[PDB]
Every structure is written in structure tokens, then in C-alpha cells.
Amino acid sequence: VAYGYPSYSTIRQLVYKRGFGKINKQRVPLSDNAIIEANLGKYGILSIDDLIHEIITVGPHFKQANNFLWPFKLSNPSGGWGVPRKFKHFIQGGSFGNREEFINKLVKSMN
Amino acid sequence: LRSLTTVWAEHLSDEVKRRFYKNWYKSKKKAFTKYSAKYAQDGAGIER
Amino acid sequence: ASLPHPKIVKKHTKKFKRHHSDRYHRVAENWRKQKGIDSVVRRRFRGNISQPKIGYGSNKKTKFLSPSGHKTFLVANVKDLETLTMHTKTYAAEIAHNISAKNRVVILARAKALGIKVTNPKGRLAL
Amino acid sequence: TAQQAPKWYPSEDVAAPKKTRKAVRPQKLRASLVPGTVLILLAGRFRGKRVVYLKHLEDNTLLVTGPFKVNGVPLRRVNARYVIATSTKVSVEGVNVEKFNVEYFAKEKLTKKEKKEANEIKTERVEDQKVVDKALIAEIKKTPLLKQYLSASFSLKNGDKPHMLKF
Amino acid sequence: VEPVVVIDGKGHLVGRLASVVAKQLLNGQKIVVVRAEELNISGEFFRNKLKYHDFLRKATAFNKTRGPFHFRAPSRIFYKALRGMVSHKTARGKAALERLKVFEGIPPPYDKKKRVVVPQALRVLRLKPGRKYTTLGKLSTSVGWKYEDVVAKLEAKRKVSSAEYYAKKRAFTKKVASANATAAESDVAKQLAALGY
Amino acid sequence: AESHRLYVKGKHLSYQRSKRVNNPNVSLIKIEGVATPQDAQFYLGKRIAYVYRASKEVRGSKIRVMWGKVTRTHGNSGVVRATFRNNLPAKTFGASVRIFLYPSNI
RNA sequence: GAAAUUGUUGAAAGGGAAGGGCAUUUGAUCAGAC
RNA sequence: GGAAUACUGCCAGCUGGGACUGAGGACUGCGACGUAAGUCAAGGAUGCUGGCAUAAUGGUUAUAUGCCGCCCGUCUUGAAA
RNA sequence: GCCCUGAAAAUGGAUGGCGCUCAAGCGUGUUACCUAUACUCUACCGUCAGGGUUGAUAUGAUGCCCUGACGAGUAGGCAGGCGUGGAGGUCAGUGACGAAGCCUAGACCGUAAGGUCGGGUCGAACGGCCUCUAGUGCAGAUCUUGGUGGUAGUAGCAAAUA
RNA sequence: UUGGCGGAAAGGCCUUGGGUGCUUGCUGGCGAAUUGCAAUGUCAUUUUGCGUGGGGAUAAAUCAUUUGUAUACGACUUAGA
């Protein structure tokens, strides 16, 4: 894996572009705030920004909020990975592992 | 080495010009005859 | 003048020939899958022939559609031709290979009256 | 029978299309095109002819004339992409162009019956053009060598790189 | 851009020139090479001689007449170094090599035409100062090339006719180089300067 | 004048390929005078025509044309990928194409 | 009155095999819509 | 003591060029601009024009070119062997 | 540290080859770029899953439609089909004005097994559909029977006196 | 047309006189249209065939026969109006 700390900008683009809901065990694009109202209305979540607000600030209903989001399907980075070999730790010159803030740069290329 | 040119005599004997024929007996013998025209003229074709 | 239809797409038009059908005369070209343990065609190596599979299934909205835009329907005689009376814009008639040269003029003269397209209106014409 | 019958039949009524949402909006010419500009034509009979842009028509076409007396290009319309626009400009003030329009160029496409086996100009068209160019030719006279410029064809010679040159 | 580009091999490394010529042929560009006898190869002479004897060992044991043909003339020595950078066994590669002609010295008409050099293949610009290199002509006559002197004599005769040709060329142009000078500082001349010419 | 050329020369270099597999739907074209992707950036979307000859007339000429257009930059020396309506026949590796100057952006 | 296998005529290709796959040029040929 | 600039980051900042796709077929929903009427880039492409109307596009077939392709069946851990 | 010696094997020969010397080598760093059936978005096919739909006229509720995901495969299992000989029913089916068969780098449909058509050939029986039934589908078994090749106008047709 | 130079694969290079065309060195007049808003819009060289009217010269090879400096057969070497 390659994980990091996402910023507000990174979360916002992921949901707006790649935001998909797991409703009735089916993957349904959000594309509208009513869909979130139908499912996530139980916890006081109404719009797409309410859902994001639960991600940026780990709110009391993070799990229900997070699980409602489908696993995102990202693309390969637009500018390449930036390294010759992926499967070395980010400290060691590769890509996998914890990179503190550079997941924002990476994910946007993937996004 | 590449052969530049050849200059033959004015008259060739018969025995040498049998070397140019496989069937010598039936032939007008027709060899160098137009080439003999280079002779009979002082400076026409040979010395050049 | 058939109904509108999307552009006809085939996804594969070259006929699937059995493997090695060109190598031997006993192995006819009718497709048969290779079941061998060491078959290259079966394992799908690079540079080998391609095997039929459902991904080649035609578009449903244009499946069975001849280039004219009409589906073909073999007819035997006038009674069978009439079955296409109200449906000239989706189906075409075809005269069977065993319909006699004298009978054929009967259906054509009728189909022209009903305006039904006949795919092979030249068989057994003497001129 | 040959085949029995298809048990069900499909409908033969053509379905109406959904209401589209594609509205037409006025076209935006690039800033390089301004009436009065000298153009170089890239296609057609008059490809490579330096020529004068007079007006922007309705159907995204550029009303263009030689002027005809200079090089022999009449009042034509050409595509905004098949031209090369330059920095040279000739004044178009006092020139009437509003008379021409789309219907002015009507071809009346010949019938299929009319077939050209083996083998003219409207009078009013010619007198139209001579009206315009007389107001433009004098304008050319002020700038030296412009008259010869518009009678001279354009070309590309060796060593000439379009991506690097300036027009 | 020229329909035929003529190259003077003198002072060029055998390989780097060969690669550049190899790409050009495959791209539809015609190459003619002259003076192949003065091509350079990196390394000592005795170092490069040994490599050639190693190449002379390899021959088809059961019949030598079919085995790897070892060509001695420098034009063929360079040619081998280039055929291996072309797919010569394919019908494209045959077309690639037919666009190529390799020569000793500068024979006729190629003598009276401009010759160019490939700056990325030049000995002076590539090799480090103080290294050691060879001259292909010295090597080819060291393994059985019989025409070193015939080329050397003919080339000196070539340069003689060229030396006077330059002389007429330089003397004639100098007079031309003066007439334009007196045509300068003129109304046309000064204004073209504002146009950069 | 003796010059009547209204296009830019070019060479059909090869197909798009891996070390072993070529992709005949995309071609490689070299435009003389172009050396960087920035130089080639200008020619994107320009029309291309490969003009060949036959021994038999089709519509009054012995000359035929294969059209196509520049898709995007290739490499670092400003080679460009071009896809044609009908693929170039691969015996034209090294043949000359014509990169016309329309649709002009200028 | 089939196939193997063969004769003649017609067309095509052939630098130590032949055949095959993806794409197109070339020649031949051909369908449908108008 | 006072600024600039580099670097990193952000914009629900503006804008040009290029490519591939046009699936769906009366309306229904969510939005915007508008006082309104109504319009729209808002639950999937339409508008204008030319040439051709025939082997021209295309199918098939032979051959040519570029690249790839060992002879199938079988037992076997392993078969082009 | 690199380089050199130590460093000898048999057909000619292998950093993949050419070839490379401030490298086209060795060590290290920064970018640009190339391309797998992988990843993303889209179209089409099928499978599975979740659903909508009695409403009349008009057919199919095993129907039509909406939503999402997914697709490798030997041995092996299940399912939907294609095809052959024969049987019950039906099309008041085809046919001497040419059934069936056979040939056809001529045409169309189906992913496929296959189906249809045109021309040629010939001469008397045959087909679609719902079901029933089986001596029902061949490339192989040193398979069985019959036929035929290359080898090949080749080996050879030479003891006993002529 | 006059004269030279070039043999590495010369087949090219220079020069003399005259005749001839154009000349955008400079200033003018006359036609362009309709290919309808682009369709490479056909201008090069490579070979051959078929008639023009203009010159120019009028052979060999192989089989068959023959020798043996040759020879399995072809091949080879000789001879034959």
C-alpha cells in the first residue's frame, strides 16, 4: 500500500468526481445530494459536503459515513510514479508505505 | 589492374583468326574487317 | 426502406476455421475446439488463431439484420408470403431453393403487389 | 412451409427522439481575424493567393475578394481554418459589404438528369465586385509595394519552418 | 535534406559513424561514403589488430567457403560494422542498404560534389585528448588489403587538381568579395540592414 | 515561381511498437525541421496525406491519396503519432508524407 | 459419380522449407441502398 | 531596517491548442438565468454545407510489406523434442 | 576503489548482435520519454444478483424494461443449444415446369456447432414445426476394409563360354 | 559553334563567337470569377510496344559427322563448302 495524510483539497475532489455510494448493495454515483439524504439522513448528513465534513473531521459517524462510500477506483498517476522502482519504501527511494503529505500530490495524479 | 584498350595489327594471319571461330569452314570470316578501316589512314584510329 | 437501426457492427467477420484445417485434408474447416494437453491454440499463445467466444456476440438491436435492414424469412408459397403483409418494414421474404421456376413468378407478382422485399428475385429466371 | 413463423412480431412504428438540449450559439473568431486583414488561402483553386478579408458572414464563412483586378480572385467565402491571417491590414471604411449575404451565393444544384458528358457568369456579379475594389485599390496605393504583394503567390521554400515563422 | 548526402569518413570513429548512417538509411535518406581508408577506431593498433585475428578464427569448420566471410578492404570493414545495425535479412533492410555506397578515397563524380561530416561521430570531438586510436587504412593493409598505395597515389593526384580549383575559386570570389563592398552603403544596401540582411 | 509547395515534408518512420509487437493503427511521422515536442506542438491536428501512384485510373487519375491527422507528440525529438482513415501499408516506412497547414490555428 | 491422386488451360508468388495471426497497399471479384 | 524572489501548497481564477466517444429516443427529476414571460451548457448530439450516388466506401480472395507464429495427439513434474 | 598478474580444453562464436573508451563501461543523482490482455472512463456480449410491470388493442409474464457487479482454466460437474437415422401429429408443405445428392478463392445470417440462397450436375423423392426414439457426430487407436501418392521412369531386368 | 581539361567508376568541367527567348533594373494597360466554403486535383522518371521519315551494316551459335591432349553422361580439345 501507499498511504498518507489527505488534505481538504484531496478529499473534496475525490468525492465530487469519484464519489460513489453503496446503496442496496449496489454502487450508485452520487451526482446529487438527495441520494445521501436517503441513506445518510439517519445520522444528520444531508449534502455531499456534509459527508466530506465527516471525513475531514473524524466525526461521530465516521464508520457509517466511510462505509457508505464505495472503495474508490483510481487511475495510474498522470505524471508517472516519479521513481524507477515502485516496491521500495518511500524512504528508500520507492513508493510504498507512509508518505506524510505526498499522498496529496500522488492521489491527485491518480485522481 | 583493368584493361584500358587493345590495338591490333593491320593484318592478322589466318591461324590466329581461327581462334575466333568455332565453325571456321562455313563463315564469311568476317573478323576485324571493319576494324581494318582504322588503318589505311595515317592518323585516323590507331595512334589515338 | 426498413426501420432505423444503429450502424451494423460485427466485432469479427473472418470465419473461425478449425486449427490445422489448412494443413491436412481430413481435418475439415468446421470449427472444433482443441482439447489437447499441449495444444498451443487451446492455451492461446501469441500469434495463433482465435477461438469463438461470447464476447463476439452481436449487438442485440441489430442481430440477425441483413445489410438491407430486413430480417430474412423463408416463405414457401403465397400463403406463407402473406404472413408478411403488415410487416414489410422489418422482414424480407426469401424463396426456398426447392420452389419451382413456374411457381416463383407467382410469389414475385404477389410480393410486388404487397410491396414485400424479396432477397433473391433472380433465381430460376431464363433470359 | 419453409420456416414456421416467428411467434411474436416487433412494432413497426418509428419512435420519436428525445428532446435535445443542443442550442446553437454565435461563433467566436480568433482575434487574428479582423476585417481588412490580408489572408493567405490554403486550399482550393486560389490556394496560396494573398487576399483581402472583408466581412464575417452568417454561416461562419469569410467574405473574401482579391481584389479581383489585382490577382484575379473574385468575391468569395472561405473557411476560417483554411486561411492564414497576417499582420498586414488595409482599411475597409466606406466599403459597402452589407448587401451580400448567404443567399447571395446560391448555386441551384443541377438535377441528376443533367449529366455532363463532354461540356455563363452572371452580369450582376461582376458589377458588384467592381464597385467594392475601386474603393479598395486606391487604399492600396498609399502603402508602397502592397499592390505587387497582393498579386504575388505564396509558397514554401526549403529551410522554411512554419512552426517557427511569423505570419 | 539533400537527395544524396556524401560523407568524408576521415577522422570519424568507425562505429559511431556507422550507427548514424544506419539510422539514416532506414529513414529513406541516401548516403554515399568516401575516403573510408582514413576512418578511425579507438584503441591501440596492436590492440585492434588482435580483435581482427579473433574475427579471422571464426570460420565454418566443415567448409570454409561458406563461413563468415572476412573482408579486408576498409570500405568492407566499415560496411560490416553497419550491416549489423540494419535488419538486413528482411526485405526492408535490403532496401535500406541499397541506399548506401562506400568508397576508397573519393572516386569520380563524388569528387566534384560537396562532402559533409557527422559531428557526433568525429574523432576529435569524441575521444579524450591523449588517448590512442587507429587508422583503418593502416589496419586493413596489415591484414591483407593490397591497395593502400594505389589509393594513396591517386588521392594525392586528386588533391592537386583540387588545390588549383580552390585557387581559382578563392581568387575569383575575392574579386566578387570586393564588388559587393563598393555596392554597400547604398540606398538599397543600408535599408536591407534594417531588415537584417 | 519555381516553388509551389504549400505543405511541410515528413517521413513515415514506422508503426507504433514495443520491442516485439507493433500496433498498425498508429504511425510514426518525422517532420523535418522539428526537434522538440514544443516545436511539434504547433502541428497537432493538422491534416496529413500520403500520395502514391497506381497503374490504373479510378476516377480520372493514376494517383491516390491516404488521409490522416496528427494525434500527439512522440518521444523527445518531436516525432508525432498519426492515425489514418486507412492504415499506411508498412511498405512506406521511409516514404514521404505531406503535413498540410490546415486547419490553421494562426 | 465425392476425396485422396493426376493431365491440359487460366491467374499468382518463389535467394536453404510451406503454411498461420494482426493491419493495410495492389490486382481480381461481389453484395445491398439510391 | 525594508522589500523582492525561489520552493511548497490552495482557488467552487480566466483562457488557447490536440485526440477518442455521441451510447439513450414523447414529457416526468435535480439545478441555473431571469419580476415574469421564457431561456438554458440542467437525467447521453445537434445545426450548416459539399462531393458521390458508382465498385466510390465496404465484404471476400490471392499476393506484397512490418512484426509475431516449432507438429498435432499422448503418458508425464516437465514434449517442438 | 577500478585495472593488471594469478586465469589451461578440446567444430568457429557469442555483454542477445553490431559495436563502444571525458563510453554505448563501472559507482551515484535529477528530469524527459517508450510500452502488457494490468489501472480509469466509455460502447457492445454474456452470467449472477437486486428490482418495476394485469393495462386495454396486439401477439410473447418462459414477456418487456430498469440497476450493479463480474468474465483465466487441465481432470471434473451442471446448463442452453447445433446436427444424423427412424416414429406420432401438423403445415390440405416442396417437387419431372426438376426432390435428394455432389461441385462452386459467388451471396447472407449465427460468437460457435450450423442454417439459407444463386449458378453448375443429375434425375424421384424430400423439408419446417411440436413431440417420441436411438446401432446418432472421428484426425488419431503399429485401428478395420477399400483406394491412392512421393520415393520413381528410380533399384534393377549381369551365373549355365556365343 | 571555337578551343581545352578530366581514366579511380573518365560520360563530367571550363572556355570562344554568333543567333535566339525571357527578364521582376524601373513605370503602365488588358484577363482571371463558376473547382460554387477543401477533396494530392493529375506538371516527375522507369521500361516496352506500335507507325512515322532519316541515316547505317548485311552474321554466327547449337545439333548432326570427325580427332583424342578429353572423357561415367554432359562437358573439353581438334577437323570438315
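When every alpha-carbon pair in chain A is counted, what percent end up more than 25 Å apart? Don't skip to the answer; put the middle values down first.
Working: 1773 of 6105 pairs.
Every Cα pair in chain A considered, those over 25 Å come to 29 percent.
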Please give the residues of the range D:85-111, grouped as numeric ranges, whose backbone N is less than 17 Å from a label point set 7 Å along the Cα-to-Cβ vector of D:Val131.
D:93-106
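Cα-Cα pairs above 19 Å in the range E:7-127: how many percent?
On the way: 3774 of 7260 pairs.
That tail contains 52 percent of the Cα-Cα pairs.
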Cα gyration tensor of chain F, axes a ≥ b ≥ c as square roots of the eigenvalues: rounded (a/c below 1.5), prolate (a/b > b/c) or oblate?
oblate
List residues of the range F:21-44, by number, whose backbone nitrogen lies under 18 Å from a label position 7 Å along Cα→C-beta of D:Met164.
F:30-44
In order over the range A:42-52: 3J(HN,Hα) from phi, Karplus 6.51/-1.76/1.60, θ = phi - 60°, whole Hz, x for each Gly or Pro, gives 5, 9, x, 10, 10, 10, 5, 6, 4, 4, 4
Partner chain coverage, peptide F:24-32 - average Cβ within 10 angstrom
1
Among all the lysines, which ones have a C-alpha under 20 Å from F:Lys11's C-alpha, if same-chain residues fewer than 8 places away are not counted?
D:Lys157, D:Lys161, E:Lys23, E:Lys30, E:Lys94, F:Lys30, F:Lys46, F:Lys69, F:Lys91
Counting partner chain Cβ atoms within 10 Å of every residue's Cβ in E:90-99, what's the average?
1
What percent do you get for the relative contact order of chain A when only Cα pairs under 8 Å and 6+ apart count?
37 percent
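Antiparallel DSSP bridges in the protein assembly as shown: what percent, to the nearest 5?
Values: 56 of 75 bridges.
Of all bridge pairs located within the protein assembly as shown, approximately 75 percent are antiparallel.
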Loop-only trypsin sites (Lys or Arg not before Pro) in the range F:1-36, please: DSSP not H, G, I, E or B, and at most 16 other Cβ atoms within 10 Å.
F:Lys19, F:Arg20
Per-residue mean of other chain beta-carbon atoms within 10 angstrom of the beta-carbon, peptide D:158-167?
5
Taking the Cβ-Cβ separation of B:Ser13 and E:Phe69 as r and a Förster radius of 51 Å, what is the calculated FRET efficiency to the nearest 0.05?
0.65
Spelling it out for E:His12: with amide H atoms placed in the peptide plane at 1.01 Å from N, the residues 5 or more places away or on another chain with amide H under 5 Å from its amide H are E:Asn40, E:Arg123
What angle, in degrees between 0 and 90 and rounded to the nearest 10, separates the Cα long axis of helix C:101-114 from the longest principal axis of the Cα atoms of chain C?
70 degrees
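Classify the range D:1-147 as rounded, prolate or oblate from the Cα gyration tensor: take a ≥ b ≥ c as the square roots of its eigenvalues, call it rounded if a/c is under 1.5, otherwise prolate when a/b beats b/c and oblate if not.
Because a/c hits 1.5 or more and a/b exceeds b/c, the range D:1-147 counts as prolate.
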In bins 10 Å wide, starting from 0, what share of all Cα pairs of the protein assembly as shown does each bin hold, as a percent?
2, 7, 9, 13, 16, 17, 15, 11, 6, 3, 1, 0, 0
For the range A:1-57, the Cα-Cα pair-distance distribution in 5 Å bins from 0, as whole percents, is 4, 19, 27, 24, 15, 8, 2
Packing-ranked peptide list from D:152-160, C:74-82, E:170-178, highest mean Cβ count within 10 angstrom first, is C:74-82, D:152-160, E:170-178
In whole Hz, what ³J(HN,Hα) sequence does the range D:10-17 give by Karplus (6.51, -1.76, 1.60; θ = phi - 60°), x for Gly and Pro?
x, 5, 10, 9, 5, 7, 5, x
Amide H contacts under 5 Å for F:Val97, placed H, 5+ residues apart
F:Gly10, F:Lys11, F:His12
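How large is the direction-averaged shadow of the alpha-carbon convex hull of the range C:6-127, in nm²?
Values: hull surface 47.7 nm².
Seen from a random direction, the Cα hull of the range C:6-127 projects 11.9 nm² on average.
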What's log10 of I(q)/I(0) for the range E:77-173 at q = 0.12 Å⁻¹, Debye sum over Cα points only, no solvent?
-0.64
Ordering of D:79-92, C:25-38 by packing [mean C-beta count within 10 Å, highest first]
D:79-92, C:25-38
Enumerate the amide H contacts of F:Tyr102 below 5 Å, restricted to partners 5 or more residues apart or on another chain; note that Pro and chain-start residues carry no placed amide H.
F:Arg47
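Every residue, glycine among them, receives a Cβ derived from its backbone with ideal geometry; neighbour counts consider all protein chains shown. Coordinate-derived values only; no laboratory data.
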